[PDB]
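Participant:
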Amino acid sequence: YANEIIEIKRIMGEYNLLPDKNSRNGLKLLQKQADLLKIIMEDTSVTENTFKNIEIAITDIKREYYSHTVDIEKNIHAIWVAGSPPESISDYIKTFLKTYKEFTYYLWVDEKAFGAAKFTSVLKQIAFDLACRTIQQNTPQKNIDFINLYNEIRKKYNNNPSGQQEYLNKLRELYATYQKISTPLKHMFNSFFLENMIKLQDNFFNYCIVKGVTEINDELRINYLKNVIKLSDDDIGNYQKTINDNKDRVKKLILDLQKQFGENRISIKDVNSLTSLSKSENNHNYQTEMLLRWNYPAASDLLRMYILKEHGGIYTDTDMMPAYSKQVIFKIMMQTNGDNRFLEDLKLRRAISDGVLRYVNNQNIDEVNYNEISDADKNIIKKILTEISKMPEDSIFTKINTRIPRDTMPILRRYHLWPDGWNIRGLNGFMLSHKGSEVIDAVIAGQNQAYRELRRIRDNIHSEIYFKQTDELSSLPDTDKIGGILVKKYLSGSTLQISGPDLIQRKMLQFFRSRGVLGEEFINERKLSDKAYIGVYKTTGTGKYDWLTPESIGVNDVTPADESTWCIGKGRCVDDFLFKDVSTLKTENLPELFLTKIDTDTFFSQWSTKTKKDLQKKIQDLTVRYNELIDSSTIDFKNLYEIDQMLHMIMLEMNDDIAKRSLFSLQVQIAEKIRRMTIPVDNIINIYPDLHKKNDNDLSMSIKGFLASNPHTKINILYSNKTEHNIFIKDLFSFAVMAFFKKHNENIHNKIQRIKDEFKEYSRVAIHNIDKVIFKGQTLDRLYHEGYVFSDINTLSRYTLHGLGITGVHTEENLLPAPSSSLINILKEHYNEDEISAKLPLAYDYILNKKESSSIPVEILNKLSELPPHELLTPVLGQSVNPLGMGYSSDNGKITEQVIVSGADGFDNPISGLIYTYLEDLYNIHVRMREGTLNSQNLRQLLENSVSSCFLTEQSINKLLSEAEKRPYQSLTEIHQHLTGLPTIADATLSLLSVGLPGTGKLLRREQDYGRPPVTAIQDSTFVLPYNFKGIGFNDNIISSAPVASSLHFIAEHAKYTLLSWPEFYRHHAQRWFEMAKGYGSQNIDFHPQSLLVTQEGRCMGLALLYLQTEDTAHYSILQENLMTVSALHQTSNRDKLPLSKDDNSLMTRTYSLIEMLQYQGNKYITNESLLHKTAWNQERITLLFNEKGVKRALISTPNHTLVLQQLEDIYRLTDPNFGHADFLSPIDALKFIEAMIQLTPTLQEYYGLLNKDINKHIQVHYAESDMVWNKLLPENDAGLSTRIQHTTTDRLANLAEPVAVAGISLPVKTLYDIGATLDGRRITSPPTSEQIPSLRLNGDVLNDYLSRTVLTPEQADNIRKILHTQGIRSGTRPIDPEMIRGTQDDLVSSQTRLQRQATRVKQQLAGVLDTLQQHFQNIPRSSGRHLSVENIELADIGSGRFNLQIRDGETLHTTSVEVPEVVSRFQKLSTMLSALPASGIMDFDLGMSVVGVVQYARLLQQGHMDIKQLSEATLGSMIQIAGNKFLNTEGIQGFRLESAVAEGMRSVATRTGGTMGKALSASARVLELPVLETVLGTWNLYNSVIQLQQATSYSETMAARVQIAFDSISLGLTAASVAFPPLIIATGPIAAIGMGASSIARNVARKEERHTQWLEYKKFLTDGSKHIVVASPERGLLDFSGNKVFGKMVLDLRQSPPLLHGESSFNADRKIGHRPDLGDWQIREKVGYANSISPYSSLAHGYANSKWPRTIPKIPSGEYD
């Protein structure tokens, strides 16, 4: 306790050295003393004498602390409410003046807000009309009678301005009608009303910003009203009449009051003469309160706090009188003979108060209202008043104590005898305080926070509107209840309070709790004790309160004009309402509510002729670009900068005001768009710990919490060893001025090592040294080398590391994930809102660790242990920031730097470059300051070419120079503060951005003073500070607004598909998908499979939400094309491991970040029943929803997958991300197709998670009550995915028409990019200059991949070989043998293309086969060594692909079970085709090519011969050979070679089926027969030796590469060498095969078999003819139609850049009905009538009488064909 006693001594000694102990500093010192003494009490010492001594000392400190009391000022304050009658106020004012002789009465009057009631009423009318219109015209399911009646009575008023009381009565009746409306409609009404009123207030504040006004008066309000709507002179006359009436009433009342009493005794104080009114921290909340209030006859809650803070004294309402003296109560008790009914019930007390007030004011006592009072009570009250009237006027009332403790605000406490008992509570209608009290400041801050949280409904874009929160009197101003109260007040005209007594009590309790031990007497069971109030009555009787000797003297609040009598007795005035027909609304002047494009025909309507002639042409040049910027789904900052700069220039170059207002409306639209377009945040958290605390418990808790919150979140712990060394050196220098190195190094090393080994098993936690990744020329490196030690080094390091590409969240505090709604709900069972915050640390300790606390019930522990940790904590995923790039945490509305949330990788980050340049400038100023060489000239020169020059004012330069002279060595933050005057670098971000955004940035900065959130402030906080568990957001509460947990789909350890084998799933099911979609009536089926997510974790929610967002066919097509492009890019990047250009990588990262965020949001939304309705799969209910309930979108959720049903235009489109989309005319058809697709296919059913399950209870449909909800949840910033087509590098390079001269040959830039030409380690994105050409290198992997899928001409191969021989292969990539770069003639291009396609298919199938084999081998009880060795391979079942093998594990382990029906079926089909070929010359070229490639792969696997992976590959080869031998060796010859047999079969096929196909088959057979080529063997050996071993990729990729090598070796037989200068012209066309026509198959059809088998043969012929109508090779400019057989009357038009193909497809026909393509299978069956209507779909004839061959006309790729 040397860390307690010494500071106790010094704080005591400082307490002596206080000339005036009656001050806040003395109170703080005493608080510190008592806190340290209580900390000493917490020790384990058991000495009772010590306990007594310390408690006596604490009592002494408390007694000394309470000895400091302040005498309040002799001021009595009251607020005059507009429209108040002066007769009911003068009596109470006179009573208070008479009772308080030595007091000054001040009546606060706001002369500028006399007519604000009519302005507020007009705004409310506009807001309610807008809400009604939004409800009506967006609810097409049914009409609402309430809106119709509202419009009818408004139209009835439109003809009778004269009488309005009838209108208010009709509105009351209409509210009685409205009470019966449905609950969701009520919630929507409340939300829309509140949001519209807030938006109108924002519009008024924006108008104030335009006009540049400093104060707000009634003239400005009238001008704004004329701006928004049309005001006749009668409305202005009524406004002025009510203003004059209020002025005259106030003047007459004050004159009458000053005639009797003194002139200076009572006076009028102007409300506008208040400092707090113009304070920027108050956000002009006084003006907002005039609109969002429902207790209009009462006074302002903020104004009384302002008055008490700035002046001090007593505030009282104008309906209260001083408390009765002892004599009065005494006489009442004797006159009532001891009955307590006359001192407790409201009616008799009110009558007695009326009598006393009448008697004191020299009025008629007999005229007291004795209503609802019995006659005997009337007589006894009369005699009581008669006895009282004999008393002197100076003893009727008693004063109150004016001595209060320093920094305290006593609050009046009331006792009301309700029929159910007592209703003790505090009232803000009578308060006491002195000037400058701290508790008033705390209450004001609480009120500001309350208004901030109330504005959350409008400020938060992603705010849910269907959230029926329970009634709990929570601190959050529940928007639903407040909106309902406001609607009731607007309609009816007659609880919760954002700044009422409840908030005052809560803030006072918080202040007293933060006081410490001295505040313990103010706390009474976590509430406010009796010492915090006045008028407290002690209950001497069992329950009755002794009305004789109260603890404190209060005030008689039961008066004839109190809150309970003015509701009925005082009718609503007619001077606080102004009826206006909203139909004349000017929607172009309201950018906050209406998004209006600039229309040149009507934009310049009210402009002056001079301004029109000046700048109409200039503005008309902005219409297209401005509209594109407004309607875009992404932000292009260059266009935004240009448009904003020139709009600002035009604005500054004007003299008119209407045109200025229109341009400001455009700027406001720009600002709103900037606000609304948020971007995702990477799922990364970076913590910069302070290694000087010796307590890593908080850091470990933070790491554990962020680990448990999500299993994908990366955690980076970043520390600087150089900073620790500099700190140690500075400490050594200080110790010297005022062994060790080894000790400090060991200490730091052991701390870091402990942190590292605590989370060693977690790969997501990485501890990194900052100095290891820092550029040498960077500012941070120079600061490290200069011994920078200042505290802001960590903030500068955070900024630098973000600038280095480390995205995510950067913070220094030990942040903890915020609790989710489930955890708060669990804790709420036996806790209140004020105890959950204190109990949260225990729950967090029990969740992350496994510590059990005795202070928490075991039920809580049991309920928490049953839920996953990720369901109770909020992860970093799903967060978002402003489009500017960076976000900051807030503290009481001011942005801080505790948490920095920095965008997502791939998105534009304008703030990052500004911060980088600003830090460079600050470092330059620092180095100039250090050497004392900083004056004005070099200061201006340093920022001469810098954005930060905007801060160079004369006073800023003077301050910088003065501080440099005073202290040459200053921190960078201090330099920035001196230069700019802003507290933090975060504040300077908007100022820096305003240089490039002169108008929008200035407007956004100005709007901060009117309550709008800062543009760089994060609102939804997913983090909490460890010490208090308080959120770091702007307007959020972590307890009453906790986020909903997200449903995480648990996946298997092994996935069914990888990226290599993923297309097999689509290929196996695409035909069935199309057939069954067409059979159910779909007239448009489109295919666009996704290759982005190969694992069903997340259930494809992101893609489903992306497709659901689009509301049009054009946007749908754009999004589908963009998703296909991104899928291709992802396949190239990940499956092939090929480098990508910067733009393509950025696009992929943006798309993946959006997909992850959207999938998280969708999984969150589906599990929350309050947002989206959820129903089980029922076709009738879904049809009713889509037909009667006005539902246009829905999410069909299988346990593993998600589908989308939409209502684009008039069609109903169903989207399956894995396949594509098909649209139907009616919803029932789509639902039937969905159900059929789910049930019919077993593999698809198992993959989707519905295997052996009832789908009527395992399929859920998610929809919204209204279509607005989707617009609210789905983000607006789509990165341009659904509005514009994103072009890759190849697409842009294809537009260039100039070639590049490389190695003496000119080739296009696109071709150079395709072959992998890398410049300076990057793939070329632009035509390289002649200087950079010698530095060009060819990427081996890219070149190999290009050669894999390209059929070059011999000249192209020659050119590629020349380029390779001149430039070479980039080091570290795949070497390429020049002899492998060959070309083919025109007649073999189709064969080469089919061979390459077969190679791809075989690779994809063998990848899955190898994965299955590896899983089988891993399922074996292995011990050690190379024991796994297959002993025999044979296929027992030829019809199913079952192989039996034995393993020489050494323990005799045998598992003879593996299903490989892929290799077996290929050879089965080959044998069948070979045997049946002599009967009819029908063969499959693709099947033969695939068989040849597989055989060659096995043969290459033979030569050049042991872990599980290579064993599996060798086993696959062995099974290939075994299947080939079984299905090809008819006779058991020992000297049997599979290659020879396959070659002989191919030669037989080629001889019997001649032509170019026969030539290709002969070439492949010859390749198989001959020994492997030297080049092929060299390539195989080089790969297997160096390239596979060097890379760490999976074995599947290596196997696929080997298969590709084998297929390339097969492909070498179809190539030919170039011929130079051919002397003679030869024939270069393909040769037709024997049996092209349909007579060949018809010859075998004539064999007497089943008729349906003959039709199957005919259909096979038709499908083969339609499969290969066109083969396009735009690289060579070749079009191949030789495979066309069933596309008649073909017309090829090469005039257009994409050639047009037209023709007639072969079709099915029926004898009676003919060909009817427009009908589905069921309609065709009904027409023909060949079956029953209840027959299964499998019993029908699919494709009958409605089939076409080909299905659709093929599309020729764009190119130049010769």
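Residue numbers (my numbering): 6 to 1767.
For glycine and all other residues, C-beta sits at the position ideal for the given N, C-alpha and C.
Leaving out the 5 sequence neighbours to the left and right, which residues in its chain are closer than 7 Å to residue 1530 when beta-carbon positions are compared?
Facilitator: Along the sequence shown, read from residue 1 onward, the residue named residue 1530 stands at position 1525. Excluding sequence neighbours, residue 1530 sits near 1541, 1543.
Participant: Alpha carbon to alpha carbon, how far is residue 1087 from residue 720?
Facilitator: In the sequence shown, counting from the first residue as 1, residue 1087 sits at position 1082. In the sequence shown, counting from the first residue as 1, residue 720 sits at position 715. Going from the Cα of residue 1087 to the Cα of residue 720 covers about 49 Å.
Participant: DSSP beta-bridge partners for residue 282?
Facilitator: Taking the first residue of the sequence shown as 1, we reach residue 282 at position 277. Residue 282 is not bridged to any residue.
Participant: Using DSSP with H/G/I as helix, E/B as strand and the rest coil, what is residue 1265?
Facilitator: What you label residue 1265 is simply residue 1260 of the sequence shown in a count that begins at 1. In this structure, residue 1265 counts as strand in the three-state DSSP scheme.
Participant: Can you tell me which of the three DSSP states residue 1057 falls into?
Facilitator: Counting from one through the sequence shown, the residue named residue 1057 turns up at place 1052. Here residue 1057 sits in coil by DSSP.
Participant: What distance in whole Å lies between the Cβ atoms of residue 995 and residue 1006, which are believed to be in contact at a cut-off of 8 Å?
Facilitator: Translated into positions along the sequence shown, residue 1006 becomes position 1001. Translated into positions along the sequence shown, residue 995 becomes position 990. About 6 Å; that satisfies the 8 Å criterion.
Participant: Taking residue 1182 as the reference, which of 1134, 1167, 1237, 1352 has the closest Cα?
Facilitator: Taking the sequence shown and counting its residues from 1, the one referred to as residue 1182 is at position 1177. Per the Cα distances, 1237.
Participant: Residue 1695 to residue 1231, Cα distance in whole Å?
Facilitator: Numbered from its first residue, the sequence shown carries residue 1695 at position 1690. Numbered from its first residue, the sequence shown carries residue 1231 at position 1226. So the alpha carbons of these two residues sit roughly 35 Å apart.
Participant: Taking Cβ to Cβ, would you say residue 1573 is nearer than 7 Å to residue 1547?
Facilitator: Looking up residue 1573 in the sequence shown gives position 1568. Looking up residue 1547 in the sequence shown gives position 1542. Contact: yes.
Participant: Taking 6 Å as the limit between beta carbons, can you name the residues of its chain near residue 400, skipping five residues before and five after?
Facilitator: Along the sequence shown, read from residue 1 onward, the residue named residue 400 stands at position 395. Closer than 6 Å at Cβ, skipping near neighbours: 330, 332.
Participant: Comparing C-alpha positions only, which one of 549, 617, 1455 sits nearest to residue 346?
Facilitator: Your numbering for residue 346 matches position 341 in the sequence shown. The shortest Cα separation from residue 346 among 549, 617, 1455 belongs to 549.
Participant: Under DSSP, the alpha helix (DSSP H) around residue 1506 begins and ends at which residues?
Facilitator: Locating residue 1506 in the sequence shown gives position 1501, counting from the first residue. Note, residue 1506: alpha helix (DSSP H), 1490 to 1507.
Participant: Going along the chain, which residues of its own chain have a beta-carbon closer than 7 Å to the beta-carbon of residue 204, five neighbours each way excluded?
Facilitator: Mapped onto the sequence shown, residue 204 falls at position 199. Result list for residue 204: 463, 597, 598, in chain order.
Participant: Work out the CA separation of residue 324 and residue 577 for me, nearest whole Å.
Facilitator: For the purposes of this step, residue 577 is identified with residue 572 of the sequence shown, where counting begins at 1. For the purposes of this step, residue 324 is identified with residue 319 of the sequence shown, where counting begins at 1. Going by the C-alpha atoms only, they are around 18 Å apart.
Participant: Would you mind stating whether residue 1034 and residue 845 have Cβ atoms separated by less than 7 Å?
Facilitator: On the sequence shown, residue 1034 is found 1029 positions in, with the first residue counted as 1. On the sequence shown, residue 845 is found 840 positions in, with the first residue counted as 1. Yes, Cβ-Cβ distance for residue 1034 and residue 845 is below 7 Å.
Participant: By the 10 Å Cβ neighbour count, where 16 or more other Cβ atoms means buried, how is residue 1490 classified, buried or exposed?
Facilitator: Position 1485 of the sequence shown, counted from the start, is the residue given in the question as residue 1490. When all chains shown are included, residue 1490 counts as buried.
Participant: In its own chain, which residues sit with a C-beta less than 6 Å from the C-beta of residue 985, not counting the 5 before and 5 after it?
Facilitator: For the purposes of this step, residue 985 is taken as residue 980 along the sequence shown, with counting starting at 1. If we look at residue 985 and ignore the five residues flanking it on each side, its Cβ neighbours are 956, 993.
Participant: I'd like the ranges of any beta strand (DSSP E) spanning at least 3 consecutive residues and lying wholly in the region 1636 to 1718.
Facilitator: If we require 3 residues or more, the beta strand (DSSP E) runs fully inside the region 1636 to 1718 come out as 1676 to 1678, 1683 to 1685, 1692 to 1698, 1705 to 1712.
Participant: Could you give the C-beta distance for residue 869 and residue 849, rounded to a whole number, given that I count them as a contact under 8 Å?
Facilitator: Residue numbering aside, residue 869 sits at position 864 when the sequence shown is read from its first letter. Residue numbering aside, residue 849 sits at position 844 when the sequence shown is read from its first letter. That pair is no contact at about 10 Å.
Participant: My understanding is that residue 392 touches residue 336, with C-beta atoms under 8 Å, so please give their C-beta distance in whole angstroms.
Facilitator: For the purposes of this step, residue 392 is taken as residue 387 along the sequence shown, with counting starting at 1. For the purposes of this step, residue 336 is taken as residue 331 along the sequence shown, with counting starting at 1. Indeed, because the Cβ distance is near 5 Å, the residues count as touching under 8 Å.
Participant: Which residues bound the beta strand (DSSP E) around residue 903?
Facilitator: In the sequence shown, the residue the question calls residue 903 occupies position 898. Residue 903 -> beta strand (DSSP E) spans 899 to 907.
Participant: Look at the Cβ atom of residue 433, then the Cβ atom of residue 506, and state whether they are nearer than 7 Å.
Facilitator: Sequence index remark: in the sequence shown, residue 433 carries index 428 (1-based). Sequence index remark: in the sequence shown, residue 506 carries index 501 (1-based). In contact: residue 433 and residue 506 (Cβ atoms closer than 7 Å).
Participant: Using C-beta distances below 6 Å, list every residue in its chain close to residue 805, excluding the 5 sequence neighbours before and after it, in chain order.
Facilitator: Here residue 805 corresponds to residue number 800 of the sequence shown, with the count starting at 1. Taken in chain order, the residues that qualify are 785.
Participant: Between 1456, 405, 1582, 1417, which has its C-alpha nearest residue 1513's C-alpha?
Facilitator: Indexing the sequence shown from 1 puts residue 1513 at position 1508. It is 1417 whose Cα lies nearest to the Cα of residue 1513.
Participant: Return the bridge partner residues of residue 427 from the DSSP annotation.
Facilitator: Translated into the one-based positions of the sequence shown, residue 427 becomes position 422. Residue 427 is bridged to 422.
Participant: Just to confirm my understanding: we take residue 1522, look at its own chain, exclude 5 residues before and 5 after, and list those with CB closer than 7 Å. What are they?
Facilitator: The residue given as residue 1522 occupies position 1517 in the sequence shown. The answer, listed in chain order, is 1503, 1506.
Participant: Am I right that residue 734 and residue 711 are in contact with their C-beta atoms under 8 Å? What's the rounded C-beta distance?
Facilitator: Position 729 of the sequence shown, counting from 1, holds the residue named residue 734. Position 706 of the sequence shown, counting from 1, holds the residue named residue 711. That belief does not hold up - the Cβ atoms of residue 734 and residue 711 are roughly 34 Å apart, past 8 Å.
Participant: Helix, strand or coil for residue 893? Go by DSSP, reduced to three states.
Facilitator: Within the sequence shown, the letter at position 888 stands for residue 893. Residue 893 falls in the strand class under three-state DSSP.
Participant: Are the CB atoms of residue 1084 and residue 1160 within a distance shorter than 7 Å?
Facilitator: As a working mapping, residue 1160 is identified with position 1155 in the sequence shown. As a working mapping, residue 1084 is identified with position 1079 in the sequence shown. Contact: no.
Participant: Taking C-alpha atoms, which residue in 1383, 583, 1082, 477 lies nearest to residue 1239?
Facilitator: Looking up residue 1239 in the sequence shown gives position 1234. Closest by alpha carbon: 1082.
Participant: How would you call residue 612, buried or exposed, if buried means at least 16 neighbouring beta carbons within 10 angstroms?
Facilitator: Position 607 of the sequence shown holds residue 612. Label assigned to residue 612: buried.
Participant: Beta carbon of residue 1745, beta carbon of residue 1726: below 7 Å?
Facilitator: For the purposes of this step, residue 1745 is taken as residue 1740 along the sequence shown, with counting starting at 1. For the purposes of this step, residue 1726 is taken as residue 1721 along the sequence shown, with counting starting at 1. Going by C-beta atoms, residue 1745 is nearer than 7 Å to residue 1726.
Participant: Within this structure, are the beta carbons of residue 1559 and residue 1638 separated by less than 7 Å?
Facilitator: As a position in the sequence shown, residue 1559 is number 1554, starting the count at 1. As a position in the sequence shown, residue 1638 is number 1633, starting the count at 1. Cβ distance < 7 Å, so residue 1559 and residue 1638 count as in contact.
Participant: From the DSSP output, in three-state form, read off residue 638 for me.
Facilitator: Within the sequence shown, residue 638 is the residue found at index 633, counting from 1. Coil, per DSSP.
Participant: Given this structure, state the Cα-to-Cα distance separating residue 1643 from residue 1691, to the nearest angstrom.
Facilitator: Taking the sequence shown and counting its residues from 1, the one referred to as residue 1643 is at position 1638. Taking the sequence shown and counting its residues from 1, the one referred to as residue 1691 is at position 1686. Approximately 10 Å, taken between the alpha carbons.
Participant: Given a threshold of 16 other Cβ atoms within 10 Å of its Cβ, counted over all protein chains shown, does residue 767 qualify as buried or as exposed?
Facilitator: Mapped onto the sequence shown, residue 767 falls at position 762. Exposed, since its Cβ has fewer than 16 Cβ neighbours within 10 Å.
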